[PDB]
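Reading through the structure tokens given below for one structure.
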Amino acid sequence: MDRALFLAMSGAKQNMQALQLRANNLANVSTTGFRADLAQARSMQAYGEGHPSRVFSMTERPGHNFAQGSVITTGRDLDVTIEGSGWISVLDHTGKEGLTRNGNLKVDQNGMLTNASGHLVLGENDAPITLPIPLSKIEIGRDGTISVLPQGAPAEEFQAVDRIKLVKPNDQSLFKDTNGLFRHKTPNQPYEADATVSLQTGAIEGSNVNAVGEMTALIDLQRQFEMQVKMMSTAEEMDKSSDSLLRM
Amino acid sequence: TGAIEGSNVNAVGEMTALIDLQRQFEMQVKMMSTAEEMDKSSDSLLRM
Amino acid sequence: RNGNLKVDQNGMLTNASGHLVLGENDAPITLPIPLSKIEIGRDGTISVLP
Amino acid sequence: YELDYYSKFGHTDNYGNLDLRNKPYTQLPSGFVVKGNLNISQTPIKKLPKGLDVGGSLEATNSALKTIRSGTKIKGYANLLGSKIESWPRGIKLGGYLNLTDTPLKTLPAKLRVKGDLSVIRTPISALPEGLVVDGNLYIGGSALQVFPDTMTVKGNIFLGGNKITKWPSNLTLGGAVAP
Amino acid sequence: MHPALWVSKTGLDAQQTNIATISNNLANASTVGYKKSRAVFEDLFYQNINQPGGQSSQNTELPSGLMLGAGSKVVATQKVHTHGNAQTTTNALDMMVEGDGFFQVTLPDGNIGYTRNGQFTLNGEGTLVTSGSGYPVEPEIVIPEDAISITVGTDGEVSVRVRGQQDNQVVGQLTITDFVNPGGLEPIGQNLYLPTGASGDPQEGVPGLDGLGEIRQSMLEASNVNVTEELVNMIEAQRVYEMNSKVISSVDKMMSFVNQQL
Amino acid sequence: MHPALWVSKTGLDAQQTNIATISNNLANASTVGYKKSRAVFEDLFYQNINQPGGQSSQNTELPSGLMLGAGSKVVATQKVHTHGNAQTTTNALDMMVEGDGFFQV
Amino acid sequence: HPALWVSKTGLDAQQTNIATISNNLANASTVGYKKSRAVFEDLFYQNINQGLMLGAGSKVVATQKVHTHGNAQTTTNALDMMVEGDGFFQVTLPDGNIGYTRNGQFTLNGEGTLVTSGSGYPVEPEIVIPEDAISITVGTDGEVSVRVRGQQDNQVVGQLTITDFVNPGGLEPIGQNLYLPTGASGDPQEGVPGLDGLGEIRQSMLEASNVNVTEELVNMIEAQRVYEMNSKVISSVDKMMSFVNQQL
Amino acid sequence: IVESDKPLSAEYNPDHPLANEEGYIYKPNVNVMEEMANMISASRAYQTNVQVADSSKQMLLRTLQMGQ
């Protein structure tokens, strides 16, 4: 039949995919250090012989919202949030390094510093931070310097042991990977530490998802979705009527 | 002064006129259909 | 019957559709250019403040 | 009147293409820069500003454009179909083709280089400039041209379109074919 | 298209612009020195159908003189320059005009822009500029660094307090521009307006003589939008929008009956 | 089922876990030596749809490299072992630890 | 549909406005805090036919900090001070650049240098209080003197200086009651604290926050109602479109 | 095919990667109501052309029955 049936179907299909991207945003409102995902549609025309009447649209992710997340003051010593722009460099389960903004850190039984996702926290030597096992008081600095008190030591024996690797690259050069870690679009790009990134210890950075912004985008995808499915029915209606040209 | 006069369109009056215009329109269309139906039938007279 | 009046840069009193409004002289109403307070009377009289 | 900075913003797309179709603008500011393509079709614009820069292609189909001043930079093509251009200035940096169909064009710059196709279809031009170089297809159909210069270069096909050519160039290397 | 379909579509398009006009007014319900806009509707051209040409009069009440209009449209988004309320603030650089008159700021492209918003401040050089994009305010008012207080008089006479010297030094004087037709100003955003042919040549002067308004310091002008008017306008515009949709559906169903029954 | 339905459902389960954590803290608002818990959220994995199979990376800002999330979850309910205030009682058999330490039973 | 996005800007504008109100109320006890108010402006207008103007909504363009001097708090500590006028205390940031503050809660470090009671940054110029001092006196011009037993007359250990700016609102707040000079802030004007427009140092005195708690509660009323009003337009447009694609 | 002359709908989205210096992203000037009206008119006009083709078909068949 007419190709407008599939031209509208290819549009309704993308609206559902855009709806899925907004659904993931609203599910992650309470998530810690979550960067909102933007949804956009690209107009692609079928170039060739004939009148230029058919143009497809596909939904794609143009970028992410890198605005500062909501800061939650918790009073916990091992809670860190990046003041302004900046990232925390961590290595995932496989070992590939990446940037994260979740500062819900913790100390394991061996002293290794991890975050809430389990990623190991990189240090001054581009290696995971391993603090002494018998600690007494962890006091993270504003610049990322970790000053710990050995167990049984006097309060005046406060010494720095490591400095968290904070990286502030261009946000437009970062893409979210398959596990929520932002990495460089260009492969084999070294993550260079920055001396301007600051860590506000004792607070946790929340999500930056604008709940109303997603809701008002939802009510427009639904209407656009319903208009296209009416086009599918009216293209079906036209073909059924034209079925009476071979009756003879 | 200090006020603007709107339109005096009676929305219900127009809507009830619409539904009557539709039905009268459709009934006359049936008259057109039965006029050609009679004409087709009265064509076997010359069909020897 | 459109009484949504306005004053142009030259001072002529027009309506929302741009039709010049007539007056006692049967000519389009022209107001002094630098007005300060325009009040329309209940009977149609136009009183202005320099 | 004339286009302002705020009026410019209301005729620009996401990638930076200025659309002035049917818009009542008469003149553009000097040193004008366009991020992408420029469209001044059907406009009462009779003159393009000096120092004009277009990051894309210039579209002036069926417009009132008459004068383009030298120094204009156009990255894409130039489409002046149906406009009122009478002469082409010297020194225009054109990154694409030049379509001058159905224009009152009469004179062309000497040794003009067209990086794309060239059109003089149905133009009152009497003779082509010496040393003309065309990297694409040349359409002279329906024009007043009947004598080619001593030397010319066309890297594509040459379409006569109906006009009769009597004096062919002495030095001519053609990458394509000649069509009447 | 049957003409009834397009006549109804004009009403849908007209009400659509009305909703967009109302939506902007409610958006700027807290913008300082904002003026509400209203959409004005007018009927379109009326055409003689049962006549080959526009025969004047000649039995208008009869079927020969039947005339059908082409719908409606929004003709203008008229600016209503009603004076707003007063916002008493403790800031020393925000000022208000009581009555007719506009502040004049220097736009980057050379011409001067006219604003009713009074949220001003100073830049690095001490010049009185707006608190938004930072455009300078005409006339230039430079504040000396030795000043410990700023006083803006009822006629824009700005004075400063200098320690070790009694009596306040005068550092300049403000001016406010007036226009014959305030509604002819062209909005360009940023709480700014531009003079058009429908507005008139600017009329400058001291703020407090020649019928001009008076400068009030540490004050602001709230937006004159009436939130209840917009909500009432929304109710009517929504109902008219739905009614014209029924006519389009009615025409389509009538047309469907024709080629299906016949 | 439709992917958009399950993505939002996982968000509902995450909040339901968060609610049960909050109600537990408020229930134990008078318990002696009780440490509050907080629910920790993290997103679920992102899937490439327009690449053949599970192929990833390359052009992530194009329709080819579009990646869709799977929702959210609660990964851990972290105990906040912040030292609490002291209650002074007249009973001689109740004791307290100031600083780090746990009684052994 | 532009109506939805016009109201969305109105919703986003009020959300930023309420954020400033909450920050004003949160810092109602912070010493030397200057309240800020959101600045609204309407977006650019468009001519559809050509002379019909349609707005795009509204936005918050700036957060103007009102640097009006707050009330006075009388304290018994001899190290916390207040500038009674125009001026900023200058502190030495870890980066080496000089930061400026109006909070006067100071103290001494291990070596006697005057530092802030919070992060511990030194106060420029450096004042060192000797271990033989029994009392500390700060004059109206910053002259810091100490009473030494066994010696008549207080000896002067240094003199504090303050900096005044043409436009204090042009400063960039970096938290911790600290400001960074910017391009529009002006040129830092140092000098003796009490001459040439500079304020006077008031020892054993603090500068309270200048927030108007009554105004913020009223500002919450207008911000909340306008925010809810913009939602109604979005809902009405949603029902208008839902009616049409269902009717037709 | 001819493009619409209406100006593009400008929307203030400063944080979008496609935002200009002022922060506005531009969206197509597609008017939903006219597309729905075009959808109805195109379908109604398409079906009434089928009737004319059907009407002419019967006339040719009867014209062929003459001579038999």
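Each chain of the structure tokens is named A, B, ... in the order shown, its residues numbered from 1; ligands are numbered from 1 in display order.
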
Spatial neighbours of residue A:238, 8 Å, only C-alpha atoms, chain gap at least 2 places, as a list in words:
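Non-adjacent residues within range: residues 234, 235, 236, 240, 241 and 242 of chain A; 43, 46 and 47 of chain H.
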
Got time to write the residues from that selection, N, CA, C and O atoms, as a JSON list (two decimals), in the first residue's frame?
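What ended up in selection_22.json:
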```json
[["chain", "number", "residue", "atom", "x", "y", "z"],
["A", 234, "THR", "N", -5.69, 6.25, 8.69],
["A", 234, "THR", "CA", -6.25, 6.92, 7.52],
["A", 234, "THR", "C", -5.56, 6.49, 6.23],
["A", 234, "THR", "O", -6.17, 6.55, 5.16],
["A", 235, "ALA", "N", -4.30, 6.05, 6.32],
["A", 235, "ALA", "CA", -3.66, 5.45, 5.15],
["A", 235, "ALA", "C", -4.24, 4.07, 4.87],
["A", 235, "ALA", "O", -4.37, 3.67, 3.71],
["A", 236, "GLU", "N", -4.59, 3.33, 5.93],
["A", 236, "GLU", "CA", -5.31, 2.07, 5.76],
["A", 236, "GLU", "C", -6.68, 2.30, 5.14],
["A", 236, "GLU", "O", -7.12, 1.54, 4.28],
["A", 240, "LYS", "N", -8.19, 0.78, 1.39],
["A", 240, "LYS", "CA", -9.39, -0.05, 1.31],
["A", 240, "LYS", "C", -10.39, 0.52, 0.32],
["A", 240, "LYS", "O", -11.04, -0.23, -0.42],
["A", 241, "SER", "N", -10.54, 1.85, 0.28],
["A", 241, "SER", "CA", -11.46, 2.46, -0.67],
["A", 241, "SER", "C", -10.97, 2.27, -2.10],
["A", 241, "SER", "O", -11.77, 2.03, -3.01],
["A", 242, "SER", "N", -9.66, 2.38, -2.32],
["A", 242, "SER", "CA", -9.11, 2.22, -3.67],
["A", 242, "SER", "C", -9.07, 0.77, -4.12],
["A", 242, "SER", "O", -8.60, 0.49, -5.22],
["H", 43, "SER", "N", -7.58, 12.52, 2.25],
["H", 43, "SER", "CA", -8.28, 11.24, 2.23],
["H", 43, "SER", "C", -9.63, 11.37, 1.54],
["H", 43, "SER", "O", -10.02, 10.49, 0.76],
["H", 46, "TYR", "N", -9.04, 11.78, -2.18],
["H", 46, "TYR", "CA", -8.56, 10.54, -2.77],
["H", 46, "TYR", "C", -9.71, 9.58, -3.05],
["H", 46, "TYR", "O", -9.74, 8.94, -4.11],
["H", 47, "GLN", "N", -10.66, 9.47, -2.13],
["H", 47, "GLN", "CA", -11.72, 8.49, -2.27],
["H", 47, "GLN", "C", -12.75, 8.91, -3.32],
["H", 47, "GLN", "O", -13.35, 8.06, -3.98]]
```

Would you mind listing what lies within 6 Å of stretch 7-14 of chain F as a list in words, with only C-alpha atoms counted and same-chain residues fewer than 4 positions away left out?
residues 23 and 27 of chain A; 70, 71, 72, 73 and 74 of chain F

Take the residues that were just selected and, keeping N, CA, C and O atoms, output them as a PDB file, in the first residue's frame.
```pdb
ATOM      1  N   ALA A  23      11.578   8.026  30.765  1.00  0.00           N
ATOM      2  CA  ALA A  23      11.227   7.153  31.880  1.00  0.00           C
ATOM      3  C   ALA A  23      12.448   6.827  32.729  1.00  0.00           C
ATOM      4  O   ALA A  23      12.355   6.737  33.959  1.00  0.00           O
ATOM      5  N   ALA A  27      12.968   7.654  36.796  1.00  0.00           N
ATOM      6  CA  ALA A  27      13.322   6.574  37.703  1.00  0.00           C
ATOM      7  C   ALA A  27      14.598   6.869  38.479  1.00  0.00           C
ATOM      8  O   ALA A  27      14.825   6.258  39.527  1.00  0.00           O
TER       9      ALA A  27
ATOM     10  N   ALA F  70      17.779   1.235  31.863  1.00  0.00           N
ATOM     11  CA  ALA F  70      16.880   0.192  32.339  1.00  0.00           C
ATOM     12  C   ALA F  70      16.182   0.566  33.640  1.00  0.00           C
ATOM     13  O   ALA F  70      15.478  -0.272  34.214  1.00  0.00           O
ATOM     14  N   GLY F  71      16.356   1.793  34.119  1.00  0.00           N
ATOM     15  CA  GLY F  71      15.701   2.219  35.340  1.00  0.00           C
ATOM     16  C   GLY F  71      16.659   2.490  36.480  1.00  0.00           C
ATOM     17  O   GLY F  71      17.767   2.988  36.265  1.00  0.00           O
ATOM     18  N   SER F  72      16.239   2.170  37.703  1.00  0.00           N
ATOM     19  CA  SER F  72      17.051   2.390  38.890  1.00  0.00           C
ATOM     20  C   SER F  72      16.819   1.258  39.880  1.00  0.00           C
ATOM     21  O   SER F  72      15.891   0.461  39.740  1.00  0.00           O
ATOM     22  N   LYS F  73      17.683   1.200  40.891  1.00  0.00           N
ATOM     23  CA  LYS F  73      17.593   0.182  41.923  1.00  0.00           C
ATOM     24  C   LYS F  73      18.257   0.697  43.190  1.00  0.00           C
ATOM     25  O   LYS F  73      18.995   1.685  43.169  1.00  0.00           O
ATOM     26  N   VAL F  74      17.989   0.014  44.297  1.00  0.00           N
ATOM     27  CA  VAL F  74      18.658   0.275  45.564  1.00  0.00           C
ATOM     28  C   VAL F  74      19.748  -0.774  45.734  1.00  0.00           C
ATOM     29  O   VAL F  74      19.459  -1.968  45.866  1.00  0.00           O
TER      30      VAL F  74
END
```

Near stretch 26-43 of chain C, within 7 Å and counting only C-alpha atoms, which residues show up once chain neighbours fewer than 4 positions away are dropped, as a PDB file with C-alpha atoms, in the first residue's frame?
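Once everything was written out, this is around.pdb:
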```
ATOM      1  CA  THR B   1     -16.200  53.212  29.386  1.00  0.00           C
TER       2      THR B   1
ATOM      3  CA  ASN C  10      -0.072  61.398  14.768  1.00  0.00           C
ATOM      4  CA  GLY C  11      -2.840  61.425  17.395  1.00  0.00           C
ATOM      5  CA  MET C  12      -5.780  60.189  15.295  1.00  0.00           C
ATOM      6  CA  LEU C  13      -8.192  58.042  17.304  1.00  0.00           C
ATOM      7  CA  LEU C  20     -10.823  56.022  11.935  1.00  0.00           C
ATOM      8  CA  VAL C  21     -13.585  56.961  14.378  1.00  0.00           C
ATOM      9  CA  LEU C  22     -15.807  59.890  13.414  1.00  0.00           C
ATOM     10  CA  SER C  47     -11.689  65.162  27.347  1.00  0.00           C
ATOM     11  CA  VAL C  48      -7.887  65.254  27.315  1.00  0.00           C
ATOM     12  CA  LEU C  49      -5.185  66.727  29.540  1.00  0.00           C
ATOM     13  CA  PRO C  50      -2.194  68.554  28.001  1.00  0.00           C
TER      14      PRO C  50
ATOM     15  CA  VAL E 180       2.934  59.478  22.474  1.00  0.00           C
ATOM     16  CA  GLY E 211       4.169  65.748  32.550  1.00  0.00           C
TER      17      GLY E 211
END
```

Residues at most 12 Å from residue D:149, counting only C-alpha atoms, excluding those fewer than 2 positions away in the same chain, as an MDAnalysis selection string?
chainID D and resid 110:111 126:133 145:147 151:153 165:172

Apply DSSP to the backbone of this structure and, from stretch 5-42 of chain B, keep only the residues in helix (DSSP H, G or I); write these as a PyMOL selection string.
chain B and resi 11-41

May I have the residues from that selection written out with C-alpha atoms, as a PDB file, in the first residue's frame?
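Once written, selection.pdb looks like this:
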```pdb
ATOM      1  CA  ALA B  11     -22.961  28.551  20.854  1.00  0.00           C
ATOM      2  CA  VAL B  12     -25.830  26.161  21.608  1.00  0.00           C
ATOM      3  CA  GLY B  13     -27.985  27.788  18.935  1.00  0.00           C
ATOM      4  CA  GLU B  14     -25.306  27.106  16.332  1.00  0.00           C
ATOM      5  CA  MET B  15     -24.698  23.530  17.499  1.00  0.00           C
ATOM      6  CA  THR B  16     -28.369  22.541  17.326  1.00  0.00           C
ATOM      7  CA  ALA B  17     -28.564  24.135  13.880  1.00  0.00           C
ATOM      8  CA  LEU B  18     -25.555  22.046  12.822  1.00  0.00           C
ATOM      9  CA  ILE B  19     -27.096  18.713  13.816  1.00  0.00           C
ATOM     10  CA  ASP B  20     -30.316  19.545  11.960  1.00  0.00           C
ATOM     11  CA  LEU B  21     -28.385  20.627   8.861  1.00  0.00           C
ATOM     12  CA  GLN B  22     -26.481  17.332   8.904  1.00  0.00           C
ATOM     13  CA  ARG B  23     -29.611  15.170   9.068  1.00  0.00           C
ATOM     14  CA  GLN B  24     -31.432  17.139   6.369  1.00  0.00           C
ATOM     15  CA  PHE B  25     -28.301  16.982   4.211  1.00  0.00           C
ATOM     16  CA  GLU B  26     -28.060  13.202   4.601  1.00  0.00           C
ATOM     17  CA  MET B  27     -31.748  12.612   3.849  1.00  0.00           C
ATOM     18  CA  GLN B  28     -31.488  14.489   0.548  1.00  0.00           C
ATOM     19  CA  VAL B  29     -28.398  12.451  -0.354  1.00  0.00           C
ATOM     20  CA  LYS B  30     -30.543   9.329   0.022  1.00  0.00           C
ATOM     21  CA  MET B  31     -33.055  10.949  -2.337  1.00  0.00           C
ATOM     22  CA  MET B  32     -30.252  11.335  -4.888  1.00  0.00           C
ATOM     23  CA  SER B  33     -29.312   7.668  -4.468  1.00  0.00           C
ATOM     24  CA  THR B  34     -32.883   6.421  -4.888  1.00  0.00           C
ATOM     25  CA  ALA B  35     -33.296   8.662  -7.943  1.00  0.00           C
ATOM     26  CA  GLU B  36     -30.485   6.922  -9.829  1.00  0.00           C
ATOM     27  CA  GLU B  37     -31.601   3.533  -8.490  1.00  0.00           C
ATOM     28  CA  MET B  38     -35.004   4.047 -10.112  1.00  0.00           C
ATOM     29  CA  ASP B  39     -33.328   5.257 -13.310  1.00  0.00           C
ATOM     30  CA  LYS B  40     -31.148   2.145 -13.551  1.00  0.00           C
ATOM     31  CA  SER B  41     -34.161  -0.132 -13.072  1.00  0.00           C
TER      32      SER B  41
END
```

How many Å lie between atom CA of residue F:62 and atom CA of residue A:101, rounded to one decimal?
24.7 Å

Return as a short mmCIF file (atom, residue, chain, number, x, y, z; two decimals) with C-alpha atoms, in the first residue's frame the full set of residues in chain F whose backbone-based DSSP assignment is strand (DSSP E or B).
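Written file, states33.cif:
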```cif
data_model
loop_
_atom_site.label_atom_id
_atom_site.label_comp_id
_atom_site.auth_asym_id
_atom_site.auth_seq_id
_atom_site.Cartn_x
_atom_site.Cartn_y
_atom_site.Cartn_z
CA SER F 37 20.17 3.33 57.59
CA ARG F 38 19.94 5.11 54.24
CA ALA F 39 18.96 3.56 50.92
CA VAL F 40 21.59 4.02 48.21
CA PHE F 41 20.38 4.24 44.61
CA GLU F 42 22.20 3.62 41.35
CA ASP F 43 21.03 3.38 37.75
CA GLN F 47 21.59 -0.93 26.21
CA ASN F 48 22.51 -0.10 22.62
CA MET F 67 21.65 4.03 24.39
CA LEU F 68 18.62 3.41 26.61
CA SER F 72 17.05 2.39 38.89
CA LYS F 73 17.59 0.18 41.92
CA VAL F 74 18.66 0.28 45.56
CA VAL F 75 22.14 -1.24 45.75
CA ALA F 76 22.85 -1.04 49.49
CA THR F 77 21.19 0.11 52.71
CA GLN F 78 24.16 1.79 54.35
CA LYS F 79 24.34 1.96 58.15
#
```

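Pairwise distance (atom CA of residue G:34, atom CA of residue G:196) equals 22.9 Å.
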
Find the residues around stretch 155-169 of chain E up to 9 Å (only C-alpha atoms counted), leave out those fewer than 3 positions away in its own chain, and share them as a list in words.
residues 141, 143, 144, 146, 147, 148, 149, 150, 151, 152, 172, 173, 174, 175, 176, 206, 207, 208, 209, 213, 214, 215 and 216 of chain E; 195, 196 and 197 of chain G

Once you have the residues from the selection above, write them out as a PDB file, in the first residue's frame, restricted to N, CA and C atoms.
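Contents of again.pdb, as written:
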```
ATOM      1  N   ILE E 141      26.105  57.700  34.549  1.00  0.00           N
ATOM      2  CA  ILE E 141      26.201  58.118  35.942  1.00  0.00           C
ATOM      3  C   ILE E 141      27.330  57.306  36.564  1.00  0.00           C
ATOM      4  N   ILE E 143      29.815  56.567  39.667  1.00  0.00           N
ATOM      5  CA  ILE E 143      29.827  56.703  41.120  1.00  0.00           C
ATOM      6  C   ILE E 143      31.279  56.722  41.583  1.00  0.00           C
ATOM      7  N   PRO E 144      31.736  57.777  42.252  1.00  0.00           N
ATOM      8  CA  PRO E 144      33.108  57.782  42.763  1.00  0.00           C
ATOM      9  C   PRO E 144      33.308  56.712  43.823  1.00  0.00           C
ATOM     10  N   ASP E 146      34.956  56.936  46.474  1.00  0.00           N
ATOM     11  CA  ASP E 146      34.941  57.505  47.815  1.00  0.00           C
ATOM     12  C   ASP E 146      33.533  57.660  48.370  1.00  0.00           C
ATOM     13  N   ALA E 147      32.509  57.336  47.587  1.00  0.00           N
ATOM     14  CA  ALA E 147      31.127  57.506  48.015  1.00  0.00           C
ATOM     15  C   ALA E 147      30.724  56.396  48.977  1.00  0.00           C
ATOM     16  N   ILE E 148      30.093  56.780  50.085  1.00  0.00           N
ATOM     17  CA  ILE E 148      29.590  55.816  51.058  1.00  0.00           C
ATOM     18  C   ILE E 148      28.075  55.688  51.031  1.00  0.00           C
ATOM     19  N   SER E 149      27.375  56.530  50.275  1.00  0.00           N
ATOM     20  CA  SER E 149      25.936  56.388  50.102  1.00  0.00           C
ATOM     21  C   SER E 149      25.547  56.949  48.743  1.00  0.00           C
ATOM     22  N   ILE E 150      24.394  56.503  48.250  1.00  0.00           N
ATOM     23  CA  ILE E 150      23.845  56.946  46.974  1.00  0.00           C
ATOM     24  C   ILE E 150      22.414  57.404  47.206  1.00  0.00           C
ATOM     25  N   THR E 151      22.087  58.600  46.721  1.00  0.00           N
ATOM     26  CA  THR E 151      20.740  59.142  46.821  1.00  0.00           C
ATOM     27  C   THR E 151      20.262  59.542  45.435  1.00  0.00           C
ATOM     28  N   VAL E 152      19.133  58.984  45.014  1.00  0.00           N
ATOM     29  CA  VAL E 152      18.513  59.311  43.737  1.00  0.00           C
ATOM     30  C   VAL E 152      17.268  60.134  44.030  1.00  0.00           C
ATOM     31  N   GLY E 172      25.457  63.643  38.651  1.00  0.00           N
ATOM     32  CA  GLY E 172      24.744  63.573  37.393  1.00  0.00           C
ATOM     33  C   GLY E 172      23.254  63.711  37.619  1.00  0.00           C
ATOM     34  N   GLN E 173      22.505  63.467  36.545  1.00  0.00           N
ATOM     35  CA  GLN E 173      21.051  63.547  36.587  1.00  0.00           C
ATOM     36  C   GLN E 173      20.461  62.576  35.578  1.00  0.00           C
ATOM     37  N   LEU E 174      19.436  61.840  35.997  1.00  0.00           N
ATOM     38  CA  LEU E 174      18.776  60.883  35.126  1.00  0.00           C
ATOM     39  C   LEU E 174      17.729  61.571  34.253  1.00  0.00           C
ATOM     40  N   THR E 175      17.379  60.902  33.159  1.00  0.00           N
ATOM     41  CA  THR E 175      16.316  61.342  32.270  1.00  0.00           C
ATOM     42  C   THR E 175      15.423  60.158  31.937  1.00  0.00           C
ATOM     43  N   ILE E 176      14.149  60.443  31.688  1.00  0.00           N
ATOM     44  CA  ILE E 176      13.185  59.427  31.283  1.00  0.00           C
ATOM     45  C   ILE E 176      12.548  59.859  29.970  1.00  0.00           C
ATOM     46  N   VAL E 206      13.439  65.910  32.036  1.00  0.00           N
ATOM     47  CA  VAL E 206      13.734  65.661  33.452  1.00  0.00           C
ATOM     48  C   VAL E 206      12.581  64.881  34.076  1.00  0.00           C
ATOM     49  N   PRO E 207      12.855  63.835  34.853  1.00  0.00           N
ATOM     50  CA  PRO E 207      11.774  63.014  35.413  1.00  0.00           C
ATOM     51  C   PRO E 207      11.023  63.683  36.553  1.00  0.00           C
ATOM     52  N   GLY E 208       9.991  64.454  36.221  1.00  0.00           N
ATOM     53  CA  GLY E 208       9.221  65.157  37.230  1.00  0.00           C
ATOM     54  C   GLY E 208       8.656  66.472  36.744  1.00  0.00           C
ATOM     55  N   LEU E 209       9.085  66.909  35.565  1.00  0.00           N
ATOM     56  CA  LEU E 209       8.504  68.059  34.892  1.00  0.00           C
ATOM     57  C   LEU E 209       8.047  67.645  33.499  1.00  0.00           C
ATOM     58  N   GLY E 213       6.896  61.198  34.640  1.00  0.00           N
ATOM     59  CA  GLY E 213       6.827  60.543  35.924  1.00  0.00           C
ATOM     60  C   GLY E 213       7.993  60.920  36.815  1.00  0.00           C
ATOM     61  N   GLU E 214       7.931  60.446  38.054  1.00  0.00           N
ATOM     62  CA  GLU E 214       8.933  60.759  39.060  1.00  0.00           C
ATOM     63  C   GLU E 214       9.696  59.501  39.457  1.00  0.00           C
ATOM     64  N   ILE E 215      10.997  59.663  39.669  1.00  0.00           N
ATOM     65  CA  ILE E 215      11.871  58.554  40.031  1.00  0.00           C
ATOM     66  C   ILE E 215      11.731  58.279  41.521  1.00  0.00           C
ATOM     67  N   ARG E 216      11.441  57.028  41.865  1.00  0.00           N
ATOM     68  CA  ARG E 216      11.352  56.583  43.247  1.00  0.00           C
ATOM     69  C   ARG E 216      12.468  55.588  43.510  1.00  0.00           C
TER      70      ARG E 216
ATOM     71  N   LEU G 195      39.642  54.931  56.561  1.00  0.00           N
ATOM     72  CA  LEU G 195      39.875  56.127  55.769  1.00  0.00           C
ATOM     73  C   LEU G 195      39.549  55.854  54.306  1.00  0.00           C
ATOM     74  N   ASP G 196      39.097  56.902  53.613  1.00  0.00           N
ATOM     75  CA  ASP G 196      38.802  56.854  52.180  1.00  0.00           C
ATOM     76  C   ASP G 196      37.718  55.815  51.876  1.00  0.00           C
ATOM     77  N   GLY G 197      36.548  56.029  52.477  1.00  0.00           N
ATOM     78  CA  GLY G 197      35.400  55.174  52.260  1.00  0.00           C
ATOM     79  C   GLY G 197      35.462  53.813  52.914  1.00  0.00           C
TER      80      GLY G 197
END
```

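What separates atom CA of residue E:212 from atom CA of residue E:109 is a distance of 27.6 Å.
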
At most 9 Å to chain A: residues in chain H, only C-alpha atoms, as an MDAnalysis selection string:
chainID H and resid 1 15:18 32 36 39:40 43:44 46:47 50:51 53:54 57:58 61

Using only C-alpha atoms, I'd like every residue of chain D that has an atom within 8 Å of chain H; please write them out as a VMD selection string.
chain D and resid 10 to 15 21 to 22

Pick out the residues sitting within 8 Å of residue C:17, and hand them over as a list in words; count only C-alpha atoms, and ignore anything fewer than 3 positions along from it in its own chain.
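The residues satisfying every condition are residues 14 of chain C; 42 and 75 of chain E.
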
Output file for the residues above (C-alpha atoms, as a CSV table (one decimal), in the first residue's frame):
```
chain,number,residue,atom,x,y,z
C,14,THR,CA,-8.6,54.6,15.6
E,42,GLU,CA,-11.6,40.3,14.1
E,75,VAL,CA,-5.0,41.0,14.4
```

What residues in chain G have any atom no more than 12 Å from chain A when counting only C-alpha atoms, and can you write them as a ChimeraX atom specification?
/G:1-12,15-16,19,93-95,110,119-120,173-176,227-228,230-248

Write out as a ChimeraX atom specification each polymer residue whose atoms come within 12 Å of residue G:84, counting only C-alpha atoms; drop sequence neighbours fewer than 3 positions from it.
/E:148 /G:32,68-73,81,87-89,102,104,140-142,162,193-194,197-203,205-208

Return the neighbours of chain G among the residues of chain E, cut-off 8 Å, counting only C-alpha atoms, as a PyMOL selection string.
chain E and resi 19-21+23-32+75-77+90-91+119+121-126+131-133+145-148+162-163+187-191+227+234+238+241-242+245-246+248-249

Interface residues on chain E facing chain A, 12 Å, only C-alpha atoms, written as an NGL selection string
:E and (256 or 259-260)
